[PDB]
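The sequence lines fix the lettering, A, B, ..., with proteins before strands; numbering per chain opens at 1.
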Amino acid sequence: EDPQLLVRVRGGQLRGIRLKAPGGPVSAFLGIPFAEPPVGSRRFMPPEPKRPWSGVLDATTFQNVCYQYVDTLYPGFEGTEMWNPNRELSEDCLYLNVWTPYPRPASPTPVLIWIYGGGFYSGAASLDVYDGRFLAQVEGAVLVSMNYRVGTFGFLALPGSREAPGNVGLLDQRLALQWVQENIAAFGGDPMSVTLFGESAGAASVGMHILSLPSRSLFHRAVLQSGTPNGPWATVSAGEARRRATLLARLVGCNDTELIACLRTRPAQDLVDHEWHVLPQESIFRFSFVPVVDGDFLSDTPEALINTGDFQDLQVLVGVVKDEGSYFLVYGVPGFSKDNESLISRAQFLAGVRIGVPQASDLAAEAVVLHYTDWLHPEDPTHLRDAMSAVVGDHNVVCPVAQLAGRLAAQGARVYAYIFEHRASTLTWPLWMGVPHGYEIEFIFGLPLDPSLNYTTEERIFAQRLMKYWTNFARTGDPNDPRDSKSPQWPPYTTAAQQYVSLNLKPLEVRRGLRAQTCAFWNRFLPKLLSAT
Amino acid sequence: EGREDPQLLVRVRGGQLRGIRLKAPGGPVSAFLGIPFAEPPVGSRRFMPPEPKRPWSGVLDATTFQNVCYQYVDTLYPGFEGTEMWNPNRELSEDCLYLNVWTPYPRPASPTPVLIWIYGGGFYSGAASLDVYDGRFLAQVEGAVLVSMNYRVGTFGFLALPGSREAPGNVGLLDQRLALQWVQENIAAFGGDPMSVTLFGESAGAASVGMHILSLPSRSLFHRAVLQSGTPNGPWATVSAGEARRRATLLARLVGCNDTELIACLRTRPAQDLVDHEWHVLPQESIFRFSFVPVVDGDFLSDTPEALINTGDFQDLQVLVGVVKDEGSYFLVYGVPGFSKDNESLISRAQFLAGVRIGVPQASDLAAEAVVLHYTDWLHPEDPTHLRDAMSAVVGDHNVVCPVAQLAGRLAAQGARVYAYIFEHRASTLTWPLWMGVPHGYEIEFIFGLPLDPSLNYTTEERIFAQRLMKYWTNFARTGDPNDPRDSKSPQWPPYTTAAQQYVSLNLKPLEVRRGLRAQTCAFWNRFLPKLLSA
């Protein structure tokens, strides 16, 4: 019975497990319950604190993955399977994971809290790419990650009702953050230095914690990788949420109370089976059950809240990968596949656009096409393919990120921005997809430090750089290495200079303007257009 | 005759002419100036189609430029050479339908390709007698036969009550066509070849050339065409029948005047009173808009130029078209607040938003918004230097560069052989400020070879440059190809095509080939803006 692996938290005692990281051991406490299982009459409801337990809770293994749709586009393909659940599905899934240095930090160590992505309909804290042992061993970080409910279980809402108020998946995250405040000191973590980071919908979640008052006392700094609370996919209105719920109810054979009671009797997979059938249009990068503007968790739209908020007290790191959109094309756009070069025609490009920008009027869709067409080579299939990706990536991630960065900087926040440009040597998706959505994560978490993974030595050096930026940001709100003159420095993003850095194998290079012209089109012009036409 | 220079006596259909022997740098040329080609369109003939000049008796003296057509005189910067060079240099008169001929001296042996110049001036001004249009250099150095004609401008040339008998519209264009007919009948008397006639013109002259291309009756009067910084399509070169009617009747009201009675009253007004009110009938505060221009009458112009270029067959057409580096700059000082020739015209973002409304006068709020969004530099949305240059670009792109791109594009896609250029050399003698770059109209003096005149103070490179340009233009006139057959060592000027979109830079350096005539931005003006109009 190793005393390092024994911890007492408010709920009782836990036993962790000593894990091996390439350069030493780490203590891991996996599958720790932070809420009462949200099952039965608790489905769709806010989470409740876990009841205390007797004896020593076994925390040596990952708990179940929250019930969710499982990707079947390319069965058995590593590129898709790496995001698929790697433990049993169950509605009983509200557990978190802690990694710390072995032995446990002598002084209170900055805490990093990871919130996974997966479009709010999927994901799990137990995936290999979220392995916290590297950051724990190399950087001496305390790293936390929670499961939170996704899809219907996490975001189905009949706004105003008592039994499906919406946003309970975000309340799961918040409960887990509360748990960190109350318990993390027992592991050596410093509750007074907590940094949230997350990718895609996890980044959007981080963004919503920034914009929700009760969350603000649970962390001090934030990192948003390739996702934002503002933008086209991360939220829905009360009315559109209500619409999607009652439609799903109808689809599975079901006054709010009675509607929800009948939904509560449905086996989990019955709900998932119809999840994708409630979207208003044929689309990509669009998800049926996501956070809802309830006037509660989110008092107004994220757009409104970032425009009017005071962010003086906030430090943020935000960024995008080089090819945000490519991934999503093979999930809905005719002409695209991981198996060929997806060279498309002009007609297929105009088709792709109505799908990639599903809420666009005819005129707006024409605007997009004409903006993104290269008029020197209007019909070149290679350009058209790359343009289709750019449209999807720009509309859904890059421009929403440029918008957020700008509002935050303009309203007092300390902001750092990046674009991640290195394509992993181990990547299984075709070359034409470039650096796809989500493929910076394995580098931030430091997976290349594991020799059995076959990353190149330059990549291993790269990963170490990124872990430094992230953990330095966690420690100080500034990703710059304090023990390093010469670099050059990573400057804050401001509305004046608009500086950000490229992250890749070469040293930091400072650039200005994050797709400035193109994001002016999306952020300034298109709104004016659609609100008229 | 008896003791006159026997080489200067010529007979044309209307009678005998005596020309004058002029000195050009490299030798003498023959000039026949102020030849009448129409009955004076005065009195009851105001607003009417021209009638062919009736024969005269004796020897008409043709040694001096004739009257300039009655027009507005520019007074923005009185005494300033930059404006005065474009002002009338002979007496104003409604009796102004005369043309000019320069030829080698002695006149050519075999029949020589003919160049016909059509001056610009917004359809409200201009004259064939200006210094920058001096035909002596092309005649002497290239052996060209050069013809230029006066044509009515302003109300006199373009006031229209469409459908009426007394003011049918486009009479200024019919003056041009009458002069083309005169060339067909008479130019062989000077050694000119009526079967090789190339039209060239700049600004409204260029738009005029484009309208002769689109007008069937003019099509048997010429064989090749050059359009410099102007097009028959675009926002300023034509008005609708309704808009012309509206402007004519408003102008009538302003001067105290059933179409017949209205026009009859207009014919009693002194020329100057019409000129004094012509700017007052424009629909909005604007620049690069002119009150009385060609009208889509369904006669001379069977449909809008846009419709005609979109659907015409242009197999038989050889055309040279181009633009200067800074088409819009000149126009800014004539009405965009913040702009002047006498300072750097650094402007604010607010002055930019206002300038856009004036420079794109027909835009709705949303459309103006699109323009401001597109042209703003979003790394430096507030920089006064960038904003100044963007304002100029907005005006140049909207009025010239994108209409020319559209024209070259449709003509090529539909059979025509098209050559395209951008002219980038700023004259060492320019009197406009540096901020204006290479302004609208300032290639003309190079095409006509003025830098060959030692007394004008051009540099030796400019002289050599002028000679190259004169070669391109005359080669194109001779063969429909600007390239020199002998000289293959010199870089070649490829045709412009929809597939490759190639065009050349004209400057002190050897031809450089480029692709895409503001392709992205012109996609905005030519493909998107019109649709933002169906909404």
Side-chain angles (χ1 to χ4, degrees), chain B residues 31 33-35 37-38 50 65-74 82-93 96-102 114-139 144 146-154 156-158 170-180 182-183 197-212 218 222 225-232 236-237 288 290 292-294 321-322 324 327 330 400 439-450 473:
Chain B
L33 311 173
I35 308 172
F37 63 89
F65 291 116
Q66 266 285 6
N67 297 328
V68 169
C69 287
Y70 223 96
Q71 66 191 248
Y72 178 84
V73 174
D74 193 328
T83 51
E84 294 298 342
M85 59 181 299
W86 310 103
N87 280 338
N89 65 331
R90 292 298 180 264
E91 182 180 333
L92 298 189
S93 172
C96 67
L97 298 190
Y98 298 88
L99 58 72
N100 313 297
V101 178
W102 289 265
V114 177
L115 285 179
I116 298 174
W117 176 252
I118 308 186
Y119 58 75
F123 291 114
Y124 76 83
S125 58
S129 58
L130 307 183
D131 283 5
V132 288
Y133 310 146
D134 193 336
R136 75 181 69 202
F137 309 101
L138 280 160
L146 204 147
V147 182
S148 60
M149 88 289 283
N150 284 354
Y151 62 95
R152 285 170 283 175
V153 295
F156 314 94
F158 298 96
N170 304 321
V171 310
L173 287 174
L174 296 174
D175 298 339
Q176 300 174 8
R177 169 185 291 162
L178 181 45
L180 307 192
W182 188 99
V183 165
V197 172
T198 301
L199 309 185
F200 73 136
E202 182 273 348
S203 189
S208 301
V209 167
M211 281 165 208
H212 288 299
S218 292
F222 69 101
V226 184
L227 289 77
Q228 311 173 200
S229 299
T231 60
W236 56 267
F288 221 130
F290 316 106
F292 298 98
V293 307
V321 300
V324 297
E327 292 287 351
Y330 205 131
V400 178
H440 190 72
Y442 289 89
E443 84 286 23
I444 302 178
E445 63 210 60
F446 291 91
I447 309 305
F448 272 84
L450 270 67
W473 261 238

Is the shortest side-chain heavy-atom distance between [X] and [Y] below 4.5 Å?
X: B:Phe222; Y: B:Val183; answer: no
X: B:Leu92; Y: B:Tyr70; answer: yes
X: B:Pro50; Y: B:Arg152; answer: yes
X: B:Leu97; Y: B:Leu178; answer: no
X: B:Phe158; Y: B:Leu173; answer: yes
X: B:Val171; Y: B:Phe156; answer: no

Atom pair [atom1] ([X]) and [atom2] ([Y]), whose distance is rounded to the nearest 0.5 Å:
X: B:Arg90; Y: B:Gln66; atom1: CZ; atom2: CD; answer: 10.0 Å
X: B:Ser203; Y: B:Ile118; atom1: OG; atom2: CD1; answer: 12.5 Å
X: B:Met149; Y: B:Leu180; atom1: CE; atom2: CG; answer: 5.0 Å
X: B:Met85; Y: B:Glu445; atom1: CE; atom2: CD; answer: 5.5 Å
X: B:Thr83; Y: B:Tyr330; atom1: OG1; atom2: OH; answer: 6.5 Å
X: B:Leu115; Y: B:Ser148; atom1: CG; atom2: OG; answer: 11.0 Å

Neighbour count >12 (heavy atoms, 6.0 Å) for atom CG, B:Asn89:
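Atom CG in B:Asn89 is packed in, count exceeds 12.
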Which heavy atom of [X] sits nearest to which heavy atom of [Y], and what is that distance?
X: B:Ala206; Y: B:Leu227; answer: O-CD2, 3.4 Å
X: B:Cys69; Y: B:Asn150; answer: SG-CB, 4.1 Å
X: B:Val400; Y: B:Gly230; answer: CG1-N, 4.3 Å
X: B:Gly201; Y: B:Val209; answer: N-CG2, 4.0 Å
X: B:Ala237; Y: B:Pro232; answer: CB-O, 3.7 Å
X: B:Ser229; Y: B:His440; answer: O-CE1, 3.4 Å

Taking the six-membered ring for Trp, are [X] and [Y] ring centroids under 6.0 Å apart?
X: B:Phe123; Y: B:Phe290; result: no
X: B:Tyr151; Y: B:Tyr119; result: yes
X: B:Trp86; Y: B:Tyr442; result: yes

Pick one: which of B:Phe200, B:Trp102, B:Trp117 meets ring pair (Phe, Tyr, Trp, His ring centres under 6.0 Å) with B:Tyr133?
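For B:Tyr133, the ring pair (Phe, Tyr, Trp, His ring centres under 6.0 Å) check succeeds only for B:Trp117.
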Would you check, one step at a time, whether the test side chain to side chain contact (heavy atoms under 4.5 Å, CB included) holds for B:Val293 with B:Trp236?
CA-CA 8 Å; B:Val293 307; B:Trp236 56 267; 5.8 Å; no
Dump the intermediate steps for side chain to side chain contact (heavy atoms under 4.5 Å, CB included) on B:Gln228 and B:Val324, then the final yes or no.
CA-CA 9 Å; B:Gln228 311 173 200; B:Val324 297; over 6 Å; no
Please walk me through it: do B:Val226 and B:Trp473 pass side chain to side chain contact (heavy atoms under 4.5 Å, CB included)?
CA-CA 8 Å; B:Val226 184; B:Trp473 261 238; 3.6 Å; yes
For the side chain of B:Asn87 and the backbone of B:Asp74, is there at least one donor-acceptor N/O pair under 3.5 Å apart?
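Yes; at least one donor-acceptor contact below 3.5 Å.
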